[PDB]
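Numbering (the deposited numbering), first residue to last: 1 to 197.
Here it is in structure tokens:
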């Protein structure tokens, strides 16, 4: 299954409750839930310039970070954090906001997982040629008008729709245990099998 487990996980979303009420909060929604479940101290260390928390579940300690700025400072946070920790790409996971997937679905990605967004690809460019990076998708985007997709991406989702996102977060945090316990493929087999409708 896995050679070395995960020693670091970064969440990408819109920081601050002001923008966290926006649909683009996937990466953030799972981070604070991890803080809640383990009751761990999420530390905002200017060293990385983001909110990080180390929580051991099952047997492995998950080190999650959510950057202050999801544009430039996001990958710069990762650049420093992964560097000091000396944690390699197969041990590096990212939970990022996903408009490519419908609301309330998850999916694991190995290998190539970058889009036309600084904060997404700069995690690559700032660490180097790391293509071995892991990251999972949190579906927030609902298919309506293919030309007006950006209106959904960072719009505010009503509680009745946001419940779909909560449903994803619920399994996205608990499957992390399965990944380190029975294998990434087992978590994967749960992850994209849990979907809203």
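For every residue, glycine included, the Cβ atom is placed at its ideal position computed from N, Cα and C.
Taking 8 Å as the cut-off, the beta carbon of residue 63 is found no closer than this to the beta carbon of residue 40.
Where residue 108 is concerned, there is no enclosing alpha helix (DSSP H), although the beta strand (DSSP E) around it starts and stops at 106-110. Nearest to residue 11 by alpha-carbon distance, out of 2, 1, 28 and 19, is 28. Just measuring C-alpha positions, the residue of 6, 16, 17 and 124 sitting nearest residue 58 is 6.
Listed in chain order, the alpha helix (DSSP H) runs fully inside the region 116-171 are 118-125 and 150-153, counting runs of at least 4 residues.
Where residue 75 is concerned, the enclosing alpha helix (DSSP H) starts and stops at 73-85. The beta carbon of residue 164 is closer than 7 Å to those of 103, 104 and 196 in its chain, skipping five residues each way along the sequence. Looking at the DSSP output, residue 93 sits in a beta bridge with 9. Ranked by how close their Cα comes to the Cα of residue 130, the residues 145, 112, 138 and 137 have 112 in first place.
In the DSSP annotation of this structure, residue 185 is not part of any beta strand (DSSP E); the continuous alpha helix (DSSP H) holding it starts and ends at 184-191. Per DSSP, residue 27 is not a residue of any beta strand (DSSP E); the alpha helix (DSSP H) it occupies stretches across 26-38.
Taking 8 Å as the cut-off, the beta carbon of residue 168 is found no closer than this to the beta carbon of residue 127.
Contact between the region 64-84 and the region 180-196 is absent: fewer than three C-beta pairs spanning the two stretches fall below 8 Å. Looking from the CA of residue 153, the closest CA among 56, 23 and 120 belongs to 23. When the five nearest sequence neighbours on each side are left out, the beta carbons in the same chain lying within less than 7 Å of the beta carbon of residue 142 are those of 102, 103 and 152, in order along the chain.
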